[PDB]
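>>> Just dropping in an experimental structure and the matching sequence.
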Amino acid sequence: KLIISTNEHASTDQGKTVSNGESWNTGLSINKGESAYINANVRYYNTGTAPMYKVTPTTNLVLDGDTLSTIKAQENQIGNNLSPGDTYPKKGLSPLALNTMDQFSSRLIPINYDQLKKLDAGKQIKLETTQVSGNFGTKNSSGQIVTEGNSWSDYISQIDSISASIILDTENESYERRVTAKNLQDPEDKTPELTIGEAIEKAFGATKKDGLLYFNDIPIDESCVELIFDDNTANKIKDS
Amino acid sequence: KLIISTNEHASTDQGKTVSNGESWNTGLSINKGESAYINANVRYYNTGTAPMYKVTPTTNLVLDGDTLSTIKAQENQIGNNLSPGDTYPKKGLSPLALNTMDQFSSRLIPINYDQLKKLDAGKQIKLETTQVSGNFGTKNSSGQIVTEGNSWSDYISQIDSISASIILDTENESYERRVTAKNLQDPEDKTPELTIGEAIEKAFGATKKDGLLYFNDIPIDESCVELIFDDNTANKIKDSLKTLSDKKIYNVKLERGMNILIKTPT
């Protein structure tokens, strides 16, 4: 959801002069620069295989074709824990409000008069996430778990460059996985070779019944599901 | 309770002209972007088995279906100590006031004019907590207690994923516990097996009298209390009952993800 708070001053003054005399006056002052404020109710989710600690996403706000602002999550909108398949705030709670713009959460998000006019004319606003930063837990010299100073951004680029992405889209749920591939040009890349069937079996933990993979009870065999590729994957599959 | 501070100006002017006359005036201007400020009186509580140091909860404020704001606890609203069964502020004191939004507690919580005009029309605001941050105490190389840099958030997810939840809800008091379960798929999971009866005995420290568990004096046996499960636990427990000799709920093997809730009779 999105909430608009129109920023104008409204004054009503009345007098009584004494012959005789009375008066009434009204006013309406509006600032053309910062004419309204926007509050967005958001909600995070995880579809991977590992949790993310200290979730600090970055989002965009697009009215028509214009990015109104990009805001990184402050201390008020940081998710301490996010397990796979979970959601912050957890199911049954209410979405969190992203309504501050500066680093210390002491400044609201303004919009223009020509933007507020479109917003109240029957036009919607859109949200998209550019990036998300978090942490991961490891063990220090003792038996404790330390999750400070362990950024996922150090491994995102290194993982996306040597892996293929597979997204199983069941109903009311979604899964996304990365499976390590092998380079044939490099003779010193000793990564084990896999086919698409073995990749699907390993990524989602499917078990063969009669040689056909089943996820839990539904079938995911290539003749029982709809596969969607992009142009590059389709070209690399047709020739093979 | 919640407190509203309506934000408008109010000017009264009068003159005396000399021909002879007088004058009067009275005005009131309000801002329709930040028309009021809200103040919330909160009070923490603990129902676990371990204390939390430097309690820094995060709360939500919803008016009708709209989350007004989410505020993390500042230095003014941090509780240094919270033992199990206690509150902050302790019993006999007054609730603490949460009335600042920014990080340094120098900016109040505003609401809209369309939100104030609805609040004063006979509508209430609701508060729900989304997360809590705290610390735990360990011993360093000398023999002192260090509670800085020891976050519970590192163990919340690792504990919730291998445990079942048991909530004993007696009168004027509530308890919540986590008991470690066992995965039968993994052959290298050497966690001891447990039934629901043993889990209830261990979690709440109940002692058997004649084979029936008693908490302190009130019975907590499966026939003397009301058990409430969710759909998943109910389905997972209705199929293991048939393949049993005693057909007792307390004799079912404990598994990860259960949500057993125990309620004692009035």
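Right, received. Where do you want to start? Numbers count the residues shown, from 1 in each chain, chains lettered A, B, ... in the order given.
>>> Spell out, range by range, the helices that occur in chain A.
A:113-119, A:153-160, A:196-204, A:231-238 (DSSP state H).
>>> Out of the ones you listed, which gets nearest to chain B?
helix A:113-119 (11.8 Å; CB to the nearest CB). In this view, the C-beta of every residue, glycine as well, is placed from N, C-alpha and C.
>>> how close does residue A:93 sit to residue B:237?
To residue B:237, residue A:93 is 27 Å away according to CB to CB, to the nearest Å.
>>> same deal with residue A:232?
With CB to CB as the criterion, residue A:232 and residue B:237 are 49 Å apart.
>>> same thing with residue A:30?
Look at residue A:30 and residue B:237: by CB to CB, they are 62 Å apart.
>>> Check residue A:155 too.
Distance from residue A:155 to residue B:237, by CB to CB: 41 Å.
>>> Please say which of the two ends up with more neighbours.
residue B:237 (18 against 11; other CB atoms under 10 Å in any protein chain shown).
>>> for the closest residue in space to residue A:163 that isn't next to it in sequence, what are its contacts?
Nearest non-adjacent residue to residue A:163, counting by CB to CB, 6 or more residues apart in numbering or on different chains: residue A:178, 4.0 Å away. The neighbourhood of residue A:178, defined by CB atoms under 8 Å, 6 or more residues apart in numbering or on different chains, consists of A:159-160, A:163-166.
>>> Provide a list of residues in contact with residue A:9.
A:27-30, B:29-32 are the contacts of residue A:9 under CB under 8 Å, 6+ apart.
>>> Wait, residue A:207 touches residue A:214, no?
Yes - Residue A:207 sits in contact with residue A:214 when judged by CB atoms under 8 Å, with a separation of 6.4 Å.
>>> what sits opposite the residue nearest to residue A:163 in the beta ladder?
In this entry, residue A:178 is beta-bridged to residue A:165, by DSSP bridges.
>>> Check residue A:25 too.
residue A:13.
>>> hmm, back to that, possible to save the helices of chain A as CSV with distance to chain B?
Listed next are these as CSV, based on distance: least, CB to the nearest CB, whole Å:
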stretch, distance to chain B
helix A:113-119, 12
helix A:153-160, 19
helix A:196-204, 15
helix A:231-238, 33
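>>> ok, and the closest non-adjacent residue to the residue sitting furthest away from the middle of chain A?
Distance from the centre of chain A peaks at residue A:19, with 69.4 Å (CA atoms, centre = their mean). With sequence-adjacent residues excluded and distances taken as CB to CB, 6+ apart, residue A:19 is closest to residue B:21, at 7.7 Å.
>>> I figured residue A:202 hits residue A:179, correct?
Yes - with contact defined as CB under 8 Å, residue A:202 reaches residue A:179; the gap is 6.5 Å.
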